[PDB]
2 protein chains.
Amino acid sequence: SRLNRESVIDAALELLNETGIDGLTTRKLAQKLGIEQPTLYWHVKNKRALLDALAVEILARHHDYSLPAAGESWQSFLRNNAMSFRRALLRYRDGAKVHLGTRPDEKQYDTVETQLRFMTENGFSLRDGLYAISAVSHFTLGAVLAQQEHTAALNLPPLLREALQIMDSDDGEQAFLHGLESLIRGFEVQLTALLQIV
Amino acid sequence: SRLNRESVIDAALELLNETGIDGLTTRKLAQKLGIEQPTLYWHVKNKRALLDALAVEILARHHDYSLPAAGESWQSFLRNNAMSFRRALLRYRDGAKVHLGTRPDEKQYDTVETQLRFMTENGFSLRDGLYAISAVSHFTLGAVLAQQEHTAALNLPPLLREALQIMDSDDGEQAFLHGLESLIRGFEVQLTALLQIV
Ligand SMILES: CN(C)[C@@H]1C(O)=C(C(N)=O)C(=O)[C@@]2(O)C(O)=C3C(=O)c4c(O)cccc4[C@@](C)(O)[C@H]3C[C@@H]12
Ligand SMILES: CN(C)[C@@H]1C(O)=C(C(N)=O)C(=O)[C@@]2(O)C(O)=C3C(=O)c4c(O)cccc4[C@@](C)(O)[C@H]3C[C@@H]12
Ligand SMILES: [Cl-]
Ligand SMILES: [Cl-]
Ligand SMILES: [Cl-]
Ligand SMILES: [Cl-]
Ligand SMILES: [Cl-]
Ligand SMILES: [Cl-]
Ligand SMILES: [Cl-]
Ligand SMILES: [Cl-]
Ligand SMILES: [Cl-]
Ligand SMILES: [Cl-]
Ligand SMILES: [Cl-]
Ligand SMILES: [Cl-]
Ligand SMILES: [Mg+2]
Ligand SMILES: [Mg+2]
């Protein structure tokens with residue numbers, strides 16, 4: 001079938017949904033594409049290359065809140081951004097595993113530079129803004145991975161029994177959203193402290 | 001060589017360090033143990049079973065701050081606990097990947113019940129205590145995975161160039177510790193608010 005970049009990526013994401021990340025292979029992608037392996041190789045050199053591009057394309061396609069709205073507070077941007085990042089990661093099977101270990105791609109440079117600049121224009125040092133952004137990313141990544149990998153892997157004392165009912169009660173959104181608010185407020189307390197002991 | 005549980009686990013962890021998690025296999029474990037595969041099978045049924053037990057044993061062996069000290073504040077316990085969890089996850093290659101998707105084991109029940117009880121004795125509802133504990137776990141998991149998987153996978157606008165120097169500057173401990181403080185303070189602001197609008 002068609003082997004332009006967009007079509008290869010479409011097929012790969014469809015396969016990711018079928019197999020998950022551990023089970024995704026270039027051999028299986030070739031089969032899905034109706035092509036022989038040396039044909040695939042011309043287009044896609046190895047699994048790493050493919051995973052690198054899926055991480056980028058999952059966000060380009062589905063991570064819609066990458067930029068602050070005009071006038072938006074930094075707290076609100078981080079909140080919407082995290083929510084959007086989470087949704088994009090959850091969209092495909094093992095999506096968070098796909099993102100892990102990537103670094104920003106050149107096609108994301110201007111976006112991510114805008115995010116870092118925006119934090120600094122709101123009073124953060126570059127370093128502190130980066131810490132806040134990285135904490136949001138790590139927290140969101142952790143939460144999504146816990147959920148998705150929990151699913152992959154698939155006598156109690158009373159408080160643990162209950163905690164597990166609680167967790168078995170929703171998809172992880174409630175705990176994520178509550179933690180996110182805590183994270184943001186801690187950042188704010190830090191920012192507003194300046195050089196005061198806090 | 002010896003195939004009691006402790007010896008199998010020792011050998012598996014040594015192998016994990018050599019191969020990482022994706023490359024860890026029961027065939028390679030058998031080779032390391034000097035035994036044939038059907039011999040290994042008697043002891044270890046599959047990879048999942050082995051990963052499940054490594055997650056438990058990495059914490060039993062190296063996660064030393066699982067319990068509050070007498071008199072310790074909840075904020076301090078979460079801090080020490082997170083630090084200890086991080087260190088244990090970083091101890092083996094792909095350690096955080098090994099933990100992901102596990103649930104508490106019966107051998108951890110009494111420990112984890114004590115943690116949940118401790119949060120409730122400090123004013124948290126079970127639900128809110130669990131959210132705090134899960135946020136710490138997810139944040140710490142995210143941070144460790146970002147680091148370890150970054151390593152596995154191994155023109156810039158100026159703020160991104162600098163951010164990447166910053167990140168290339170330490171192992172991830174500084175950003176983790178700073179984020180952790182933010183997370184804890186947000187939890188505290190929440191706890192102390194009671195029913196006030198905050
Ligand atoms: C916080 N939010 C989830 C950010 C985001 O929305 C992104 C986006 N493309 O819109 C990311 O790329 C974003 O999700 C993301 O992945 C980011 C990163 O990986 C990094 C890394 O690894 C190193 C330095 C800088 C960044 C970063 C500033 O680009 C990160 C921004 C992340
Ligand atoms: C926060 N800190 C890192 C905790 C910890 O120190 C643990 C330990 N064994 O000492 C965990 O098991 C701990 O790390 C950990 O893994 C915990 C969990 O996985 C869960 C899950 O998945 C579901 C319900 C309850 C828990 C939990 C209360 O046992 C978690 C406690 C985690
Ligand atoms: Cl076609
Ligand atoms: Cl073509
Ligand atoms: Cl194209
Ligand atoms: Cl492959
Ligand atoms: Cl295959
Ligand atoms: Cl990452
Ligand atoms: Cl022996
Ligand atoms: Cl034996
Ligand atoms: Cl033993
Ligand atoms: Cl295997
Ligand atoms: Cl093998
Ligand atoms: Cl997990
Ligand atoms: Mg990233
Ligand atoms: Mg766990």
# chains A, B, ... in the order shown; residues from 1 in each chain; ligands from 1
>>> residues_around(residues="residue 103 of chain A", least_positions_apart="4", cutoff="9 Å", atoms="only C-alpha atoms", output="ChimeraX atom specification")
/A:52,99 /B:150
>>> write_last_selection(atoms="N, CA, C and O atoms", output="PDB file, in the first residue's frame")
ATOM      1  N   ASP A  52      10.568   6.607  17.796  1.00  0.00           N
ATOM      2  CA  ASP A  52      10.881   8.070  17.801  1.00  0.00           C
ATOM      3  C   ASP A  52       9.880   8.880  17.041  1.00  0.00           C
ATOM      4  O   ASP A  52       9.456   9.924  17.484  1.00  0.00           O
ATOM      5  N   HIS A  99       6.424   7.428  24.334  1.00  0.00           N
ATOM      6  CA  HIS A  99       7.091   8.721  24.576  1.00  0.00           C
ATOM      7  C   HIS A  99       8.375   8.616  25.357  1.00  0.00           C
ATOM      8  O   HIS A  99       9.299   9.406  25.144  1.00  0.00           O
TER       9      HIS A  99
ATOM     10  N   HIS B 150      15.809   7.393  28.973  1.00  0.00           N
ATOM     11  CA  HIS B 150      16.635   8.333  28.218  1.00  0.00           C
ATOM     12  C   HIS B 150      17.952   7.658  27.853  1.00  0.00           C
ATOM     13  O   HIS B 150      18.407   7.716  26.692  1.00  0.00           O
TER      14      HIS B 150
END
>>> residues_near_ligand(ligand="ligand 13", cutoff="12 Å", atoms="only C-alpha atoms and all ligand atoms", output="PyMOL selection string")
chain B and resi 15+19+22-32+37+47
>>> write_last_selection(atoms="N, CA, C and O atoms", output="compact mmCIF listing (two decimals), in the first residue's frame")
# COMPACT_ATOMS: atom_id res chain seq x y z
N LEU B 15 21.43 -10.48 35.58
CA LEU B 15 21.12 -10.45 34.16
C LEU B 15 20.40 -9.18 33.66
O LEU B 15 20.66 -8.67 32.56
N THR B 19 21.34 -6.91 30.43
CA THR B 19 20.54 -6.95 29.21
C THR B 19 19.48 -5.89 29.14
O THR B 19 18.93 -5.63 28.09
N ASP B 22 13.94 -5.40 28.24
CA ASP B 22 13.40 -5.90 26.96
C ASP B 22 14.20 -7.11 26.55
O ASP B 22 13.64 -8.10 26.07
N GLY B 23 15.49 -7.05 26.82
CA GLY B 23 16.38 -8.14 26.47
C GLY B 23 16.51 -9.23 27.46
O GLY B 23 17.21 -10.20 27.18
N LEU B 24 15.81 -9.14 28.59
CA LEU B 24 15.89 -10.21 29.61
C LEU B 24 15.03 -11.39 29.09
O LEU B 24 13.91 -11.14 28.62
N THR B 25 15.49 -12.64 29.15
CA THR B 25 14.66 -13.77 28.68
C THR B 25 14.87 -14.95 29.60
O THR B 25 15.93 -15.08 30.24
N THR B 26 13.90 -15.85 29.65
CA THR B 26 14.11 -17.07 30.45
C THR B 26 15.23 -17.91 29.84
O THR B 26 16.04 -18.47 30.60
N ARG B 27 15.35 -17.95 28.51
CA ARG B 27 16.48 -18.67 27.88
C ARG B 27 17.84 -18.15 28.38
O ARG B 27 18.77 -18.92 28.69
N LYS B 28 17.98 -16.84 28.47
CA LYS B 28 19.26 -16.27 28.88
C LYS B 28 19.47 -16.51 30.38
O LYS B 28 20.61 -16.68 30.83
N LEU B 29 18.39 -16.54 31.16
CA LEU B 29 18.51 -16.81 32.59
C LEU B 29 18.99 -18.22 32.79
O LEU B 29 19.84 -18.48 33.64
N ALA B 30 18.44 -19.14 32.02
CA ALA B 30 18.84 -20.56 32.13
C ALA B 30 20.33 -20.68 31.86
O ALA B 30 21.05 -21.33 32.63
N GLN B 31 20.78 -20.03 30.81
CA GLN B 31 22.23 -20.03 30.45
C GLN B 31 23.06 -19.50 31.60
O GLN B 31 24.07 -20.08 32.01
N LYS B 32 22.62 -18.41 32.20
CA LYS B 32 23.37 -17.84 33.26
C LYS B 32 23.44 -18.81 34.45
O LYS B 32 24.47 -18.93 35.11
N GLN B 37 16.53 -25.21 29.86
CA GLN B 37 15.21 -24.56 30.02
C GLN B 37 14.06 -25.28 30.79
O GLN B 37 13.38 -24.64 31.56
N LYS B 47 8.33 -15.06 31.98
CA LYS B 47 8.92 -13.75 32.23
C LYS B 47 8.11 -12.91 33.18
O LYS B 47 8.70 -12.24 34.02
>>> calpha_fit_and_write(fixed="chain B", moving="chain A", output="compact mmCIF listing (two decimals) with C-alpha atoms, in the first residue's frame")
# COMPACT_ATOMS: atom_id res chain seq x y z
CA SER A 1 23.99 -23.78 40.22
CA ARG A 2 21.63 -23.36 43.24
CA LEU A 3 17.93 -22.80 42.23
CA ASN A 4 16.26 -21.75 45.49
CA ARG A 5 14.18 -18.57 45.15
CA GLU A 6 16.90 -16.29 46.54
CA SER A 7 19.48 -17.64 44.05
CA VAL A 8 17.17 -17.43 41.04
CA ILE A 9 16.36 -13.82 41.94
CA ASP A 10 20.07 -12.97 42.46
CA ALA A 11 20.88 -14.33 39.03
CA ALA A 12 17.92 -12.59 37.36
CA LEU A 13 18.91 -9.20 38.80
CA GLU A 14 22.49 -9.68 37.63
CA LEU A 15 21.12 -10.45 34.16
CA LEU A 16 18.74 -7.48 34.18
CA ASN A 17 21.82 -5.32 34.63
CA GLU A 18 23.45 -6.93 31.62
CA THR A 19 20.54 -6.95 29.21
CA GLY A 20 17.95 -4.56 30.41
CA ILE A 21 14.30 -5.53 30.68
CA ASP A 22 13.40 -5.90 26.96
CA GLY A 23 16.38 -8.14 26.47
CA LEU A 24 15.89 -10.21 29.61
CA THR A 25 14.66 -13.77 28.68
CA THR A 26 14.11 -17.07 30.45
CA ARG A 27 16.48 -18.67 27.88
CA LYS A 28 19.26 -16.27 28.88
CA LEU A 29 18.51 -16.81 32.59
CA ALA A 30 18.84 -20.56 32.13
CA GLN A 31 22.23 -20.03 30.45
CA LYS A 32 23.37 -17.84 33.26
CA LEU A 33 22.28 -20.46 35.78
CA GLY A 34 24.05 -23.29 33.86
CA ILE A 35 20.81 -25.16 33.42
CA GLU A 36 18.50 -26.34 30.72
CA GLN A 37 15.21 -24.56 30.02
CA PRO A 38 12.79 -27.24 31.27
CA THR A 39 14.81 -27.15 34.55
CA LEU A 40 14.32 -23.38 34.81
CA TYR A 41 10.56 -23.79 34.08
CA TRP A 42 10.08 -25.87 37.24
CA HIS A 43 11.28 -22.85 39.18
CA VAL A 44 10.10 -19.87 37.00
CA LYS A 45 7.06 -20.23 34.74
CA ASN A 46 7.53 -17.22 32.54
CA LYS A 47 8.92 -13.75 32.23
CA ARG A 48 5.91 -12.10 33.90
CA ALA A 49 6.30 -14.17 36.96
CA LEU A 50 9.94 -13.35 37.16
CA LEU A 51 9.35 -9.57 36.67
CA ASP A 52 6.66 -9.66 39.39
CA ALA A 53 9.10 -11.14 41.84
CA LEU A 54 12.01 -8.85 40.92
CA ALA A 55 9.74 -5.82 41.63
CA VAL A 56 9.09 -7.17 45.07
CA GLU A 57 12.63 -8.24 45.80
CA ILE A 58 14.28 -4.97 44.62
CA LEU A 59 12.26 -3.14 47.27
CA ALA A 60 12.74 -5.77 49.99
CA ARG A 61 16.49 -5.59 49.45
CA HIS A 62 17.02 -1.86 48.93
CA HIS A 63 14.00 0.23 49.78
CA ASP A 64 14.93 0.93 53.36
CA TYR A 65 12.57 3.82 54.22
CA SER A 66 9.22 2.06 53.94
CA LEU A 67 8.03 3.05 57.46
CA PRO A 68 7.73 6.34 59.34
CA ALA A 69 10.14 6.98 62.15
CA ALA A 70 8.52 7.41 65.63
CA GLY A 71 7.24 10.97 65.79
CA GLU A 72 7.96 11.74 62.08
CA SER A 73 5.74 14.19 60.23
CA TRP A 74 3.79 12.99 57.25
CA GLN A 75 5.65 15.44 55.01
CA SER A 76 9.00 14.06 56.12
CA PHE A 77 7.92 10.48 55.74
CA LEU A 78 6.73 11.11 52.15
CA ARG A 79 10.04 12.83 51.40
CA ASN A 80 12.25 10.05 52.84
CA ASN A 81 9.98 7.36 51.42
CA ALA A 82 10.18 8.89 47.90
CA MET A 83 13.91 9.28 48.12
CA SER A 84 14.29 5.63 49.22
CA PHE A 85 11.86 4.45 46.44
CA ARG A 86 13.85 6.36 43.84
CA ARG A 87 17.17 4.93 44.97
CA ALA A 88 15.77 1.40 44.92
CA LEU A 89 14.36 1.86 41.39
CA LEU A 90 17.61 3.27 40.09
CA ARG A 91 19.66 0.45 41.52
CA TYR A 92 19.11 -1.91 38.53
CA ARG A 93 18.90 -1.17 34.86
CA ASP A 94 15.28 -0.61 33.83
CA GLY A 95 14.25 -0.90 37.53
CA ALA A 96 11.33 1.46 37.16
CA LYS A 97 10.10 -0.52 34.10
CA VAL A 98 10.31 -3.61 36.37
CA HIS A 99 8.04 -2.00 38.96
CA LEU A 100 5.47 -0.69 36.52
CA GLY A 101 2.11 -2.39 36.50
CA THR A 102 2.76 -4.35 39.72
CA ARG A 103 0.42 -4.24 42.72
CA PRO A 104 1.36 -4.74 46.30
CA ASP A 105 2.44 -8.29 47.10
CA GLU A 106 1.23 -10.15 50.21
CA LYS A 107 4.72 -9.80 51.63
CA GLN A 108 4.25 -6.01 51.45
CA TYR A 109 0.68 -5.91 52.84
CA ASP A 110 1.56 -5.09 56.42
CA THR A 111 4.04 -2.36 55.32
CA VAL A 112 1.73 -0.64 52.87
CA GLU A 113 -1.23 -0.88 55.27
CA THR A 114 0.91 0.91 57.88
CA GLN A 115 1.63 3.73 55.30
CA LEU A 116 -2.03 4.19 54.52
CA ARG A 117 -2.99 4.12 58.20
CA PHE A 118 -0.27 6.65 59.04
CA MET A 119 -1.65 9.12 56.49
CA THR A 120 -5.10 8.78 57.92
CA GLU A 121 -3.84 9.29 61.49
CA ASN A 122 -2.37 12.58 60.24
CA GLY A 123 -5.69 13.97 59.02
CA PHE A 124 -6.05 12.60 55.51
CA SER A 125 -9.12 10.74 54.43
CA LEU A 126 -8.13 7.31 53.14
CA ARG A 127 -8.92 8.61 49.63
CA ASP A 128 -6.85 11.75 49.96
CA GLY A 129 -3.98 9.93 51.61
CA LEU A 130 -4.03 7.40 48.79
CA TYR A 131 -4.02 10.28 46.18
CA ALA A 132 -0.96 11.77 47.90
CA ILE A 133 0.80 8.41 48.05
CA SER A 134 -0.09 7.62 44.42
CA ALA A 135 1.06 11.08 43.26
CA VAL A 136 4.43 10.55 44.97
CA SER A 137 4.71 7.09 43.43
CA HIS A 138 3.79 8.32 39.95
CA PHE A 139 6.03 11.35 40.07
CA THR A 140 8.97 9.25 41.32
CA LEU A 141 8.26 6.49 38.75
CA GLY A 142 8.05 9.11 35.94
CA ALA A 143 11.27 10.78 36.95
CA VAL A 144 13.22 7.52 37.19
CA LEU A 145 11.79 6.19 33.95
CA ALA A 146 12.69 9.41 32.15
CA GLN A 147 16.21 9.08 33.30
CA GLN A 148 16.72 5.36 32.77
CA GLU A 149 14.91 5.24 29.39
CA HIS A 150 16.64 8.33 28.22
CA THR A 151 19.86 6.31 28.70
CA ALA A 152 18.37 3.26 26.91
CA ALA A 153 17.54 5.28 23.70
CA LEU A 154 21.15 6.64 23.62
CA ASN A 155 19.85 24.14 15.34
CA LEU A 156 18.39 24.49 18.88
CA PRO A 157 16.45 27.65 19.96
CA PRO A 158 18.29 29.20 22.95
CA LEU A 159 16.09 28.39 25.99
CA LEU A 160 15.75 24.75 24.80
CA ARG A 161 19.51 24.59 24.20
CA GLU A 162 20.02 25.78 27.78
CA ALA A 163 17.36 23.46 29.23
CA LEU A 164 19.05 20.51 27.59
CA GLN A 165 22.45 21.61 29.05
CA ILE A 166 20.76 21.80 32.45
CA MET A 167 19.34 18.31 32.07
CA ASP A 168 22.56 16.98 30.58
CA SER A 169 24.17 18.58 33.72
CA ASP A 170 22.96 16.17 36.43
CA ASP A 171 21.42 12.72 36.72
CA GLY A 172 17.83 14.08 37.34
CA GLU A 173 18.18 14.27 41.21
CA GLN A 174 17.97 18.07 41.40
CA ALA A 175 14.78 18.36 39.33
CA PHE A 176 13.29 15.41 41.23
CA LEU A 177 13.99 16.85 44.64
CA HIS A 178 12.65 20.29 43.68
CA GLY A 179 9.45 18.76 42.22
CA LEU A 180 9.04 16.59 45.27
CA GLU A 181 9.05 19.63 47.56
CA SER A 182 6.41 21.27 45.38
CA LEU A 183 4.23 18.16 45.45
CA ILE A 184 4.47 17.85 49.25
CA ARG A 185 3.69 21.50 49.91
CA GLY A 186 0.62 21.28 47.57
CA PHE A 187 -0.60 18.29 49.59
CA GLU A 188 -0.17 20.29 52.77
CA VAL A 189 -2.03 23.29 51.46
CA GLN A 190 -4.85 20.84 50.56
CA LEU A 191 -4.90 19.01 53.88
CA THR A 192 -4.88 22.21 55.96
CA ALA A 193 -7.69 23.79 53.94
CA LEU A 194 -10.35 21.35 55.31
CA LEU A 195 -13.66 22.59 53.76
CA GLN A 196 -12.37 26.13 53.00
CA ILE A 197 -12.24 27.29 49.40
CA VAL A 198 -8.58 27.14 48.45
>>> select_by_dssp(residues="segment 38-195 of chain B", states="helix (DSSP H, G or I)", output="VMD selection string")
chain B and resid 38 to 43 47 to 62 74 to 90 95 to 99 106 to 121 126 to 153 158 to 169 173 to 193
>>> atom_distance(atom1="atom 1 (Cl, counted along the ligand's line) of ligand 14", atom2="atom 23 (C, counted along the ligand's line) of ligand 2")
8.0 Å
>>> atom_distance(atom1="atom 16 (O, counted along the ligand's line) of ligand 2", atom2="atom 1 (Mg, counted along the ligand's line) of ligand 15")
23.6 Å
>>> atom_distance(atom1="atom 2 (N, counted along the ligand's line) of ligand 2", atom2="atom 1 (Mg, counted along the ligand's line) of ligand 16")
7.3 Å
>>> decode(residues="segment 177-189 of chain A", atoms="N, CA, C and O atoms", output="mmCIF file, in the first residue's frame")
data_model
loop_
_atom_site.group_PDB
_atom_site.id
_atom_site.type_symbol
_atom_site.label_atom_id
_atom_site.label_comp_id
_atom_site.auth_asym_id
_atom_site.auth_seq_id
_atom_site.Cartn_x
_atom_site.Cartn_y
_atom_site.Cartn_z
ATOM 1 N N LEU A 177 -5.899 14.227 38.506
ATOM 2 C CA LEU A 177 -6.330 15.595 38.570
ATOM 3 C C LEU A 177 -6.075 16.195 39.953
ATOM 4 O O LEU A 177 -5.720 17.354 40.073
ATOM 5 N N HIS A 178 -6.323 15.420 40.995
ATOM 6 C CA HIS A 178 -6.066 15.859 42.363
ATOM 7 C C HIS A 178 -4.552 16.105 42.582
ATOM 8 O O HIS A 178 -4.163 17.127 43.090
ATOM 9 N N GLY A 179 -3.705 15.134 42.197
ATOM 10 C CA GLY A 179 -2.272 15.335 42.248
ATOM 11 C C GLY A 179 -1.797 16.527 41.444
ATOM 12 O O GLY A 179 -0.918 17.256 41.898
ATOM 13 N N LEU A 180 -2.324 16.722 40.265
ATOM 14 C CA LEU A 180 -1.958 17.847 39.457
ATOM 15 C C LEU A 180 -2.196 19.198 40.167
ATOM 16 O O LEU A 180 -1.349 20.103 40.098
ATOM 17 N N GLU A 181 -3.376 19.346 40.802
ATOM 18 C CA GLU A 181 -3.636 20.538 41.557
ATOM 19 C C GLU A 181 -2.617 20.738 42.668
ATOM 20 O O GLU A 181 -2.175 21.875 42.929
ATOM 21 N N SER A 182 -2.246 19.671 43.365
ATOM 22 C CA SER A 182 -1.250 19.787 44.416
ATOM 23 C C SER A 182 0.122 20.260 43.875
ATOM 24 O O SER A 182 0.730 21.175 44.437
ATOM 25 N N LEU A 183 0.502 19.679 42.769
ATOM 26 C CA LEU A 183 1.771 19.995 42.122
ATOM 27 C C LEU A 183 1.777 21.483 41.760
ATOM 28 O O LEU A 183 2.738 22.216 42.073
ATOM 29 N N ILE A 184 0.730 21.960 41.069
ATOM 30 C CA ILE A 184 0.654 23.329 40.640
ATOM 31 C C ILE A 184 0.691 24.322 41.823
ATOM 32 O O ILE A 184 1.444 25.296 41.796
ATOM 33 N N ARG A 185 -0.059 24.070 42.865
ATOM 34 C CA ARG A 185 -0.089 24.929 43.993
ATOM 35 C C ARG A 185 1.318 24.968 44.653
ATOM 36 O O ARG A 185 1.764 26.025 45.085
ATOM 37 N N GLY A 186 1.990 23.800 44.763
ATOM 38 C CA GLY A 186 3.363 23.810 45.302
ATOM 39 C C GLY A 186 4.279 24.672 44.494
ATOM 40 O O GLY A 186 5.064 25.460 45.074
ATOM 41 N N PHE A 187 4.152 24.618 43.163
ATOM 42 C CA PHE A 187 4.961 25.495 42.287
ATOM 43 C C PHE A 187 4.695 26.981 42.573
ATOM 44 O O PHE A 187 5.617 27.844 42.543
ATOM 45 N N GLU A 188 3.439 27.278 42.867
ATOM 46 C CA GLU A 188 3.036 28.652 43.056
ATOM 47 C C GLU A 188 3.579 29.181 44.351
ATOM 48 O O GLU A 188 4.048 30.352 44.449
ATOM 49 N N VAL A 189 3.453 28.352 45.386
ATOM 50 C CA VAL A 189 4.019 28.693 46.685
ATOM 51 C C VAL A 189 5.509 28.983 46.484
ATOM 52 O O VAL A 189 6.027 30.018 46.988
#
